[PDB]
Amino acid sequence: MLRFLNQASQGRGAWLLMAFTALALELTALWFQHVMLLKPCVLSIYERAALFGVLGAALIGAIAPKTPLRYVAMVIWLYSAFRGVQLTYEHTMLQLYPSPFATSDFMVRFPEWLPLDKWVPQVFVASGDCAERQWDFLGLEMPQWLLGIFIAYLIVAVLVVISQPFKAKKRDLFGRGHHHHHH
Ligand SMILES: COC1=C(OC)C(=O)C(C/C=C(\C)CCC=C(C)C)=C(C)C1=O
């Protein structure tokens, strides 16, 4: 069973399938705002960057997931594993445990050395308050659910990376043809 997982993963079709998934989610939402005139927040962008970044990594790793490239693409996959998950909880703690508007919060201050936000404010500029609820499933906010899918992706890499057959293979199964004339 596991042996196949490494096979289905080493397949491009599968890789392309993972891309469409994150896309079907990023797009489906990009329409909800254009329909319900929703107002994105600072945190929302952070979440979008976490996945948006991974999405790319999936397209880069799918270039040769059979070569050392693994650790090369896993650089972004893992980075989001500990940091993405370690930061998500913090965001959930606030929502589940708010607090006076003392911390003070407003427009996000983009960096002056990373033209990634400044040169691209179209998908970085924040507008509204963070932690607000725009829509939920089964009574849960998107941020929470997305976290559910967020960990799944992180686990897929950890397993797809360790899949390394190491060196203790098996060559082939025992008893292939044996006694069977007419080849
Ligand atoms: C204000 O409206 C919203 C947006 O403006 C279009 C967003 O961009 C995003 C970010 C979208 C993400 C993280 C993926 C969507 C899928 C899930 C399961 C969250 C969210 C959450 C949102 O609420």
# chains A, B, ... in the order shown; residues from 1 in each chain; ligands from 1
call {"tool": "residues_near_ligand", "arguments": {"ligand": "ligand 1", "cutoff": "9 Å", "atoms": "only C-alpha atoms and all ligand atoms", "output": "count of residues only"}}
result
42
call {"tool": "select_by_dssp", "arguments": {"residues": "region 62-159 of chain A", "states": "strand (DSSP E or B)", "output": "JSON, numbers by chain"}}
result
{"A": [136, 137, 140, 141]}
call {"tool": "write_last_selection", "arguments": {"atoms": "C-alpha atoms", "output": "PDB file, in the first residue's frame"}}
result
ATOM      1  CA  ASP A 136     -18.416  29.327   8.306  1.00  0.00           C
ATOM      2  CA  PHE A 137     -19.003  25.640   7.583  1.00  0.00           C
ATOM      3  CA  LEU A 140     -16.733  26.692  11.903  1.00  0.00           C
ATOM      4  CA  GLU A 141     -14.803  29.643  10.479  1.00  0.00           C
TER       5      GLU A 141
END
call {"tool": "closest_residue", "arguments": {"among": "A:176, A:88, A:42, A:167", "to": "residue 130 (chain A)", "atoms": "only C-alpha atoms"}}
result
A:42
call {"tool": "closest_residue", "arguments": {"among": "A:15, A:119, A:82, A:20", "to": "residue 60 (chain A)", "atoms": "only C-alpha atoms"}}
result
A:15
call {"tool": "atom_distance", "arguments": {"atom1": "CA of residue 132 (chain A)", "atom2": "CA of residue 87 (chain A)"}}
result
17.8 Å
call {"tool": "residues_around", "arguments": {"residues": "region 67-78 of chain A", "least_positions_apart": "6", "cutoff": "9 Å", "atoms": "only C-alpha atoms", "output": "PyMOL selection string"}}
result
chain A and resi 53-54+57-58+60-61+84+153-154+157-158+160-161
call {"tool": "write_last_selection", "arguments": {"atoms": "N, CA and C atoms", "output": "PDB file, in the first residue's frame"}}
result
ATOM      1  N   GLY A  53       2.222  30.177  -1.329  1.00  0.00           N
ATOM      2  CA  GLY A  53       3.642  29.862  -1.421  1.00  0.00           C
ATOM      3  C   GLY A  53       3.847  28.366  -1.616  1.00  0.00           C
ATOM      4  N   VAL A  54       3.108  27.567  -0.849  1.00  0.00           N
ATOM      5  CA  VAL A  54       3.211  26.119  -0.955  1.00  0.00           C
ATOM      6  C   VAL A  54       2.787  25.673  -2.349  1.00  0.00           C
ATOM      7  N   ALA A  57       5.522  25.788  -4.482  1.00  0.00           N
ATOM      8  CA  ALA A  57       6.472  24.744  -4.114  1.00  0.00           C
ATOM      9  C   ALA A  57       6.057  23.407  -4.720  1.00  0.00           C
ATOM     10  N   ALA A  58       4.751  23.164  -4.768  1.00  0.00           N
ATOM     11  CA  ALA A  58       4.236  21.920  -5.329  1.00  0.00           C
ATOM     12  C   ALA A  58       4.544  21.843  -6.819  1.00  0.00           C
ATOM     13  N   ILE A  60       7.116  23.333  -8.180  1.00  0.00           N
ATOM     14  CA  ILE A  60       8.569  23.254  -8.306  1.00  0.00           C
ATOM     15  C   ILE A  60       9.056  21.848  -7.970  1.00  0.00           C
ATOM     16  N   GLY A  61       8.506  21.277  -6.903  1.00  0.00           N
ATOM     17  CA  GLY A  61       8.894  19.934  -6.481  1.00  0.00           C
ATOM     18  C   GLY A  61       8.440  18.887  -7.493  1.00  0.00           C
ATOM     19  N   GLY A  84       4.202  27.582   9.927  1.00  0.00           N
ATOM     20  CA  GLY A  84       2.800  27.733   9.539  1.00  0.00           C
ATOM     21  C   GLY A  84       1.870  27.256  10.652  1.00  0.00           C
ATOM     22  N   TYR A 153      -1.681  18.685   4.125  1.00  0.00           N
ATOM     23  CA  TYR A 153      -0.631  18.905   3.132  1.00  0.00           C
ATOM     24  C   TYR A 153       0.751  18.745   3.764  1.00  0.00           C
ATOM     25  N   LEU A 154       0.899  19.254   4.981  1.00  0.00           N
ATOM     26  CA  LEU A 154       2.172  19.171   5.689  1.00  0.00           C
ATOM     27  C   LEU A 154       2.535  17.720   5.987  1.00  0.00           C
ATOM     28  N   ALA A 157       3.846  15.682   2.735  1.00  0.00           N
ATOM     29  CA  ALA A 157       5.262  15.850   2.423  1.00  0.00           C
ATOM     30  C   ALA A 157       6.126  15.012   3.360  1.00  0.00           C
ATOM     31  N   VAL A 158       5.876  15.133   4.658  1.00  0.00           N
ATOM     32  CA  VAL A 158       6.647  14.386   5.649  1.00  0.00           C
ATOM     33  C   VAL A 158       6.680  12.899   5.312  1.00  0.00           C
ATOM     34  N   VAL A 160       5.841  11.622   2.186  1.00  0.00           N
ATOM     35  CA  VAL A 160       6.352  11.465   0.827  1.00  0.00           C
ATOM     36  C   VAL A 160       7.869  11.623   0.797  1.00  0.00           C
ATOM     37  N   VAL A 161       8.411  12.301   1.804  1.00  0.00           N
ATOM     38  CA  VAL A 161       9.852  12.509   1.882  1.00  0.00           C
ATOM     39  C   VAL A 161      10.528  11.293   2.504  1.00  0.00           C
TER      40      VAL A 161
END
call {"tool": "select_by_dssp", "arguments": {"residues": "region 3-102 of chain A", "states": "helix (DSSP H, G or I)", "output": "ChimeraX atom specification"}}
result
/A:3-9,12-36,42-61,69-96
call {"tool": "atom_distance", "arguments": {"atom1": "CA of residue 83 (chain A)", "atom2": "CA of residue 13 (chain A)"}}
result
28.9 Å
call {"tool": "closest_atom_pairs", "arguments": {"of": "region 39-97 of chain A", "to": "region 4-9 of chain A", "cutoff": "10 Å", "atoms": "only C-alpha atoms", "output": "tab-separated table"}}
result
residue	atom	partner	partner_atom	distance
A:62	CA	A:9	CA	8.9
A:65	CA	A:9	CA	8.1
A:66	CA	A:9	CA	9.5
call {"tool": "atom_distance", "arguments": {"atom1": "CA of residue 2 (chain A)", "atom2": "CA of residue 159 (chain A)"}}
result
9.6 Å
call {"tool": "closest_residue", "arguments": {"among": "A:181, A:168, A:156, A:163", "to": "residue 3 (chain A)", "atoms": "only C-alpha atoms"}}
result
A:163
call {"tool": "closest_residue", "arguments": {"among": "A:63, A:126, A:21, A:131", "to": "residue 93 (chain A)", "atoms": "only C-alpha atoms"}}
result
A:131
